[PDB]
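To keep things clear, I will list the structure first and then write my remarks on it.
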There are 2 protein chains.
Amino acid sequence: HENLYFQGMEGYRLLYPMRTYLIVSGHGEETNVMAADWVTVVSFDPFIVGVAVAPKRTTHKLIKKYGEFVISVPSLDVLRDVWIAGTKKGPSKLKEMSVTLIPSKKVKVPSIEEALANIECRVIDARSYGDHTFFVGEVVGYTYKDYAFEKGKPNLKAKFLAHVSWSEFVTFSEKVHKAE
Amino acid sequence: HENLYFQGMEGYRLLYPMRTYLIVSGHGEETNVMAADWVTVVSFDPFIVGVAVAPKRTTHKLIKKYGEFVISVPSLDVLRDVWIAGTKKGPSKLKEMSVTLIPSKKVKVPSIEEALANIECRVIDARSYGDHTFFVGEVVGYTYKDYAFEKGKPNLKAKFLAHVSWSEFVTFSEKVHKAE
Ligand SMILES: Cc1cc2nc3c(=O)[nH]c(=O)nc-3n(C[C@H](O)[C@H](O)[C@H](O)COP(=O)(O)O)c2cc1C
Ligand SMILES: Cc1cc2nc3c(=O)[nH]c(=O)nc-3n(C[C@H](O)[C@H](O)[C@H](O)COP(=O)(O)O)c2cc1C
Ligand SMILES: Oc1ccc(O)cc1
Ligand SMILES: Oc1ccc(O)cc1
């Protein structure tokens with residue numbers, strides 16, 4: 001991580017491996033995509049999510065400007081596009097990405113056709129905690145690939161993406177352990 | 001999920017599978033443990049985390065009372081204890097759990113010896129979003145099993161736990177995909 005003055009494992013690695021998502025922001029020619037690991041659900045009813053975004057991301061500027069974002073769920077198969085989203089800066093990176101933008105249902109920010117799911121969000125809060133803004137978004141629509149969620153739960157065959165360390169990613173075992 | 005009036009897939013399942021963690025709260029005879037999926041990192045420097053906790057959890061009462069919590073990282077091997085933490089209520093459940101409580105380094109809330117990591121947190125914010133409180137905790141200490149993080153990144157052999165649907169859990173493939 002940049003800005004690690006005392007060399008060693010970043011403390012946050014203790015929560016890893018974490019899922020990796022894509023955050024879409026802006027629209028029209030301002031459409032941008034970045035990689036985000038620091039995403040979670042914050043409410044069931046209503047459905048509300050949150051994502052921690054550094055002020056230095058172009059994505060940060062776009063979410064503040066428009067008050068909307070999309071969380072797109074990538075699979076392992078689009079890793080190259082995820083790595084571009086997480087390493088290049090601003091809307092020009094899209095020319096380098098195999099992803100197709102399609103209209104969202106409720107938000108003006110586009111969805112990604114290849115994503116396993118697209119979760120459409122309106123910003124309801126933006127708190128600063130240390131070196132990131134935690135953008136909290138009420139979910140106002142969603143679409144998904146029917147097969148990635150057949151029978152109302154994730155289908156592990158879809159290769160949902162997770163992040164181990166800087167350059168290294170994994171998916172899940174297909175081997176399900178039942179708790180009851 | 002309880003309180004689903006219109007039967008169907010909960011929208012939040014679109015972020016799944018998610019990692020499953022344990023949240024320790026209270027101390028002495030009030031020590032409690034629950035399961036939590038809705039956890040993420042919110043800052044690198046300083047290291048800050050957050051967890052979404054329903055007001056109805058005993059854990060919610062204990063974090064408000066003491067202003068501290070521990071995120072303990074379970075492996076697949078302690079699934080039975082995780083399921084107890086996520087289904088039974090209050091400190092009496094501990095009598096049913098194979099877990100050993102040990103002192104934390106900085107917080108008064110105990111750590112779990114069997115956990116792959118224990119992340120010690122002081123509450124700095126508690127916002128209400130829909131039906132959960134998002135407790136934000138500055139990390140004031142941590143311990144971990146050396147082997148689960150050998151070479152400063154997670155060791156996939158440690159069987160980090162993730163949640164698919166209600167009763168079903170998985171771990172990660174050991175098969176690493178390199179992005180560069
Ligand atoms: C796997 C991965 C996960 C990332 N997660 C986050 C995150 O949660 N929050 C964040 O602010 N940046 C994250 N980053 C960094 C941004 O994706 C990266 O800075 C990107 O180049 C920003 O692009 P932008 O300036 O177009 O918004 C991540 C990068 C990678 C590779
Ligand atoms: C895998 C799993 C994950 C859970 N995640 C959360 C969560 O993120 N937040 C929450 O409030 N409850 C969560 N729950 C529910 C609580 O763990 C459950 O209500 C528990 O019985 C609460 O115990 P307590 O009353 O002792 O705090 C989860 C349950 C399971 C099984
Ligand atoms: O700001 C960041 C958050 C998570 C990452 O994996 C990388 C950068
Ligand atoms: O409040 C809850 C959050 C996540 C869960 O998996 C279960 C309950």
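In the structure tokens, the first chain shown is A, the next is B, and so on; residue numbers restart at 1 for each chain, and ligands run from 1 in the order shown.
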
Original post:
Could you list, as a PyMOL selection string, every residue of chain A that has an atom within 6 Å of an atom of chain B, counting only C-alpha atoms?
Top reply: chain A and resi 9+38+40-43+46+52+130-132+152+167-173+176-179

| said: Write out as a ChimeraX atom specification the set of residues from range 55-155 of chain B that DSSP, computed on the backbone, places in strand (DSSP E or B). | reply: /B:68-73,75,101-102,111-112,117-129,132-144

- Pairwise distance for CA of residue 6 in chain B and CA of residue 135 in chain B, rounded to one decimal in Å: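 Interatomic distance here is 28.9 Å.
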
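Across the structure, atom 3 (C, counted along the ligand's line) of ligand 2 and CA of residue 69 in chain B are spaced 16.2 Å apart.
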
With DSSP run on the backbone, what are the helix (DSSP H, G or I) residues within range 55-105 of chain A? I'd like them as JSON, numbers by chain. {"A": [58, 59, 60, 61, 62, 63, 64, 65, 66, 76, 77, 78, 79, 80, 81, 82, 83, 84, 85, 86, 87, 91, 92, 93, 94, 95, 96]}

Pick from B:57, B:5, B:32, B:24: nearest to ligand 4, with only C-alpha atoms and all ligand atoms counted?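 Looking at the shortest contact to ligand 4, the residue is B:57.
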
Between CA of residue 64 in chain B and atom 2 (C, counted along the ligand's line) of ligand 4, what is the distance in Å, rounded to a tenth?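 Interatomic distance here is 17.8 Å.
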
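Residue nearest ligand 2, chosen from B:68, B:159, B:58, B:25 and counting only C-alpha atoms and all ligand atoms: B:58.
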
I want to know what sits within 10 Å of range 92-95 of chain A, based on only C-alpha atoms, with residues of the same chain fewer than 6 positions away left out; could you give that as a ChimeraX atom specification?
/A:29-34,81,84-85,101
